[PDB]
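*Asks:* opening piece of a complex, kept in its complex position:
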Amino acid sequence: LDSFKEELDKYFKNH
């Protein structure tokens, strides 16, 4: 599963 940090990376890329 994606790490929390990897989900944050996705959020800040798209927002």
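*Replies:* Cool, the structure landed. Numbering: from 1, shown residues only, chains lettered A, B, ... in the order given.
*Asks:* for residue A:11, pull up the helix or strand it's in.
*Replies:* Assigned by DSSP states H and E, residue A:11 belongs to helix A:4-14.
*Asks:* just checking, what packs against that helix?
*Replies:* Using 3 or more CB pairs under 8 Å, 6 or more residues apart in numbering; DSSP states H and E as the contact criterion, no helix or strand is in contact with helix A:4-14. For the C-beta atoms, the positions are set from N, CA and C on the backbone; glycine is no exception.
*Asks:* and that helix, how far out from the chain middle?
*Replies:* When C-alpha coordinates are averaged (CA atoms, centre = their mean, to the nearest Å), helix A:4-14 and its chain have centres 2 Å apart.
*Asks:* with stretch A:8-15 instead?
*Replies:* Distance of stretch A:8-15 from the chain centroid (CA atoms, centre = their mean) equals 5 Å.
*Asks:* buried set for it?
*Replies:* Under the neighbour-count criterion of 16 or more other CB atoms under 10 Å, stretch A:8-15 has nothing buried.
*Asks:* what's the spacing between the most centrally placed residue in chain A and residue A:15?
*Replies:* In chain A, the centroid-proximal residue (CA atoms, centre = their mean) is residue A:7; its distance is 2.3 Å. Separation of residue A:7 from residue A:15 (CB to CB, to the nearest Å): 12 Å.
*Asks:* what's the answer for residue A:3, then?
*Replies:* From residue A:3 to residue A:15 the distance is 18 Å (CB to CB).
*Asks:* try residue A:8
*Replies:* 10 Å.
*Asks:* do residue A:4 as well
*Replies:* Using CB to CB, residue A:4 is found at 16 Å from residue A:15.
*Asks:* list the contacts of the helix holding residue A:11.
*Replies:* With CB atoms under 8 Å, 6 or more residues apart in numbering as the test, helix A:4-14 has contacts from residue A:2.
*Asks:* could I have the CA atoms of it written out in CSV?
*Replies:* Extracted C-alpha coordinates of helix A:4-14, given in CSV (Å, rounded to 0.1, in the frame of the first residue of the first chain):
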residue,chain,number,x,y,z
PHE,A,4,1.3,8.1,4.0
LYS,A,5,4.2,10.2,2.6
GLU,A,6,3.5,8.9,-0.9
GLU,A,7,-0.2,10.0,-0.6
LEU,A,8,1.0,13.5,0.6
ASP,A,9,3.3,13.7,-2.4
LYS,A,10,0.3,13.1,-4.6
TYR,A,11,-1.8,15.7,-2.8
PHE,A,12,0.7,18.4,-3.1
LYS,A,13,1.4,17.6,-6.8
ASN,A,14,-2.3,18.1,-7.6
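*Asks:* next one is chain B, place it on the structure:
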Amino acid sequence: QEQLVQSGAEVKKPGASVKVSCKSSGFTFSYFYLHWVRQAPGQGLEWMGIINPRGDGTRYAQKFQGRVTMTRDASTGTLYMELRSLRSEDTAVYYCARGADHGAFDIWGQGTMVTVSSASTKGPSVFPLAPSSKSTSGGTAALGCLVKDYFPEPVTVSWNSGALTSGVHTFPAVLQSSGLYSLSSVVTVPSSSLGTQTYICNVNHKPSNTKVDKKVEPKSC
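*Replies:* Once chain B is put in with the chains from before, the structure reads:
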């Protein structure tokens, strides 16, 4: 060796702004998301916001949006929080924290105390709490010093230049409606020795460069 070290205590007037810093050591600063958390006196923990590793993305708690700015400096390895339009309810200890890859906060700074108050720096007045038969149990007497009307925190109190420690209770300061702090320091001692032992409380208020030694004299009546 993985550490966060924050800047020193701050005292601000309402409406001012404060910029606290947090410098890392022992890890790759630019790899990690970083956070600020605050804790008002006697209260719990409150997350303020997050800044991404590059420093170009932030997200703040809804309560602080519009009033807080978080930045980081890769050249100095330092993280910053600026909080604007300060009010007395912003009086708190502010912590920086590292976000681990799993998201929780695995390294914390030591905290920065921020006091927001209208008050001006003022040294305490120190008054004796003398022992009497009204402060004497079965062979044990209580005496102390009242440390009144000072700003800002902290004061330190010792007894007999540190030679007396057993039985001392120095109470946490209470904020009075005047905006000045006050506390008491007490100690219980053998009543049999009240005439052959000297009891002096040493009060230091560094913010005002105030030093006071007060001898607490017994009352035979």
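*Asks:* in light of the added chain B, please revisit the contacts of helix A:4-14.
*Replies:* Outside helix A:4-14, the residues within contact range by CB atoms under 8 Å, 6 or more residues apart in numbering or on different chains are A:2, B:33, B:50, B:52, B:57, B:99-103.
*Asks:* same thing with stretch B:140-148?
*Replies:* With CB under 8 Å, 6+ apart as the test, stretch B:140-148 has contacts from B:124-132, B:135-136, B:155, B:157, B:180, B:182-191, B:194, B:199, B:201, B:203, B:214, B:216, B:218.
*Asks:* for chain B, give me its nearest residue in chain A.
*Replies:* Per CB to the nearest CB, residue A:4 is where chain A lies closest to chain B, at 3.3 Å.
*Asks:* number of residues surrounding that residue?
*Replies:* Other residues within reach of residue A:4 by the criterion other CB atoms under 10 Å in any protein chain shown amount to 15.
*Asks:* same question, residue B:39
*Replies:* For residue B:39, using other CB under 10 Å, the count is 14.
*Asks:* swap in the one 10 residues further on?
*Replies:* Using other CB under 10 Å, residue B:49 has 19 other residues around it.
*Asks:* quick one, domains of chain B?
*Replies:* B:3-116, B:125-215 (curated CATH domains).
*Asks:* re the thing from before, and the contacts of stretch B:140-148, which are buried?
*Replies:* Neighbour counting with 16 or more other CB atoms under 10 Å in any protein chain shown marks B:124, B:126, B:128-132, B:135-136, B:155, B:157, B:180, B:182-189, B:191, B:194, B:199, B:201, B:203, B:214, B:216, B:218 as buried within the contacts of stretch B:140-148.
*Asks:* just those residues: which are in helices?
*Replies:* The members of these all map outside helices under DSSP state H.
*Asks:* what does chain B put close to chain A?
*Replies:* Residues of chain B found near chain A (CB under 8 Å from any CB of the partner chain) are B:33, B:50, B:52, B:57, B:99-103.
*Asks:* quick one: contacts for the nearest residue to residue B:167 once chain neighbours are set aside?
*Replies:* Excluding the flanking residues, the one nearest residue B:167 by CB to CB, 6 or more residues apart in numbering or on different chains is residue B:188, at 4.5 Å. Shown in contact with residue B:188 (CB under 8 Å, 6+ apart): B:140-142, B:167.
*Asks:* residues in contact with residue B:105?
*Replies:* Residues near residue B:105 by CB under 8 Å, 6+ apart: B:35, B:37, B:97-99.
*Asks:* picking up where we left off before, the residue of chain A closest to chain B and residue B:140: what is the separation?
*Replies:* Residue A:4 is 57 Å from residue B:140, by CB to CB.
*Asks:* here's chain C, drop it onto the model above:
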Amino acid sequence: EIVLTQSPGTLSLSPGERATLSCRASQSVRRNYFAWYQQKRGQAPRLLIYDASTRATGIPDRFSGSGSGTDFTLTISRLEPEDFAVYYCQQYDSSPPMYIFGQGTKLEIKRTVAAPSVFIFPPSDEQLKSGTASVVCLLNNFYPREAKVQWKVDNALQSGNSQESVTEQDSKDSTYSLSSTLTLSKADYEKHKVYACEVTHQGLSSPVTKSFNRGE
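*Replies:* Same chains as before, plus chain C:
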């Protein structure tokens, strides 16, 4: 917004006993993004558990966590002296970033009952010179923390003109001490004779009153 409810607010236990601390989320916690922290007095918090059940590196193995969905538990299998502190649960999410803390559970040392010793201190002549009179009532070395202090001036019950301060649990004997300070102007203080501090505590068979007459 998610809200984390911690229970109990205060937990009184002796060293060597097992501690069970609970956190309930108002809605399901995505991916078990859930952590527990310890905070000792005057210190920064320290991470104990993450992913609801994974012990952080260097944390004693007497700490463990479990749960999922809305219900989470931190267990200390056998309490040591260093374990008496405040504990916070935390929930978080990544999209969008949000981090929420429970309101904290104080883990307090449970000892035998100790009734307070009560002392009263009239204001000094030195203080009287400056236009204010502080009367100090001291409750020394008692357990448990709960206590009532009532001020009476010439047998008239006071309200709104006193402030209390309590020490942290004593490192040696695990008791508390408490001060109550009655604050009056010199004018009001010298209008009355009898100043009395009445103390109620579960270790006292009946309330203890300490009093003085102004001027003796």
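*Asks:* take the neighbour count of residue A:4 again, chain C included.
*Replies:* Counted with other CB under 10 Å, the neighbours of residue A:4 add up to 24.
*Asks:* in space, what's closest to it - neighbours in sequence excluded?
*Replies:* Nearest non-adjacent residue to residue A:4, counting by CB to CB, 6+ apart: residue B:103, 3.3 Å away.
*Asks:* residue C:142 now?
*Replies:* Spatially, and ignoring its direct neighbours in sequence, residue C:142 is nearest to residue C:116 (3.7 Å; CB to CB, 6+ apart).
*Asks:* same check on residue A:3?
*Replies:* residue B:101 (5.1 Å).
*Asks:* can you list the domains in chain C?
*Replies:* If you go by curated CATH domains, chain C breaks into C:4-109, C:117-213.
*Asks:* got CSV for those, with mean neighbour count and distance to residue B:86 too?
*Replies:* Converted to CSV, those look like this (neighbours: other CB atoms under 10 Å in any protein chain shown; distance: least, CB to CB, whole Å):
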stretch, mean neighbour count, distance to residue B:86
domain C:4-109, 18, 22
domain C:117-213, 17, 25
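*Asks:* want to throw those domains into a markdown table with distance to residue B:117?
*Replies:* Output for the domains of chain C, formatted as a markdown table (distance: least, CB to CB, whole Å):
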| stretch | distance to residue B:117 |
| --- | --- |
| domain C:4-109 | 21 |
| domain C:117-213 | 17 |
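*Asks:* for residue B:119, find the nearest of those domains.
*Replies:* domain C:117-213 (16.8 Å; CB to CB).
*Asks:* re earlier: okay, now the residue nearest to residue C:142: neighbour count?
*Replies:* If you count neighbours by other CB under 10 Å, residue C:116 ends up with 23.
*Asks:* so it sits against residue C:146, correct?
*Replies:* No - between residue C:116 and residue C:146 there is no contact under CB atoms under 8 Å: 11.1 Å.
*Asks:* overlap of the contact sets of the two?
*Replies:* Common contacts of residue C:116 and residue C:146 (CB under 8 Å, 6+ apart): residue C:201.
*Asks:* please enumerate the helices of chain B.
*Replies:* Going by DSSP H, chain B shows no helices.
*Asks:* from it, which residue is nearest to chain A?
*Replies:* For chain B, CB to the nearest CB, closest residue to chain A: residue B:103, 3.3 Å.
*Asks:* ditto for chain C
*Replies:* Closest point on chain C to chain A, by CB to the nearest CB, is residue C:94, at 3.6 Å.
*Asks:* my guess is that residue meets residue B:101, correct?
*Replies:* No - contact criterion CB under 8 Å: residue C:94 and residue B:101 do not qualify, at 11.5 Å.
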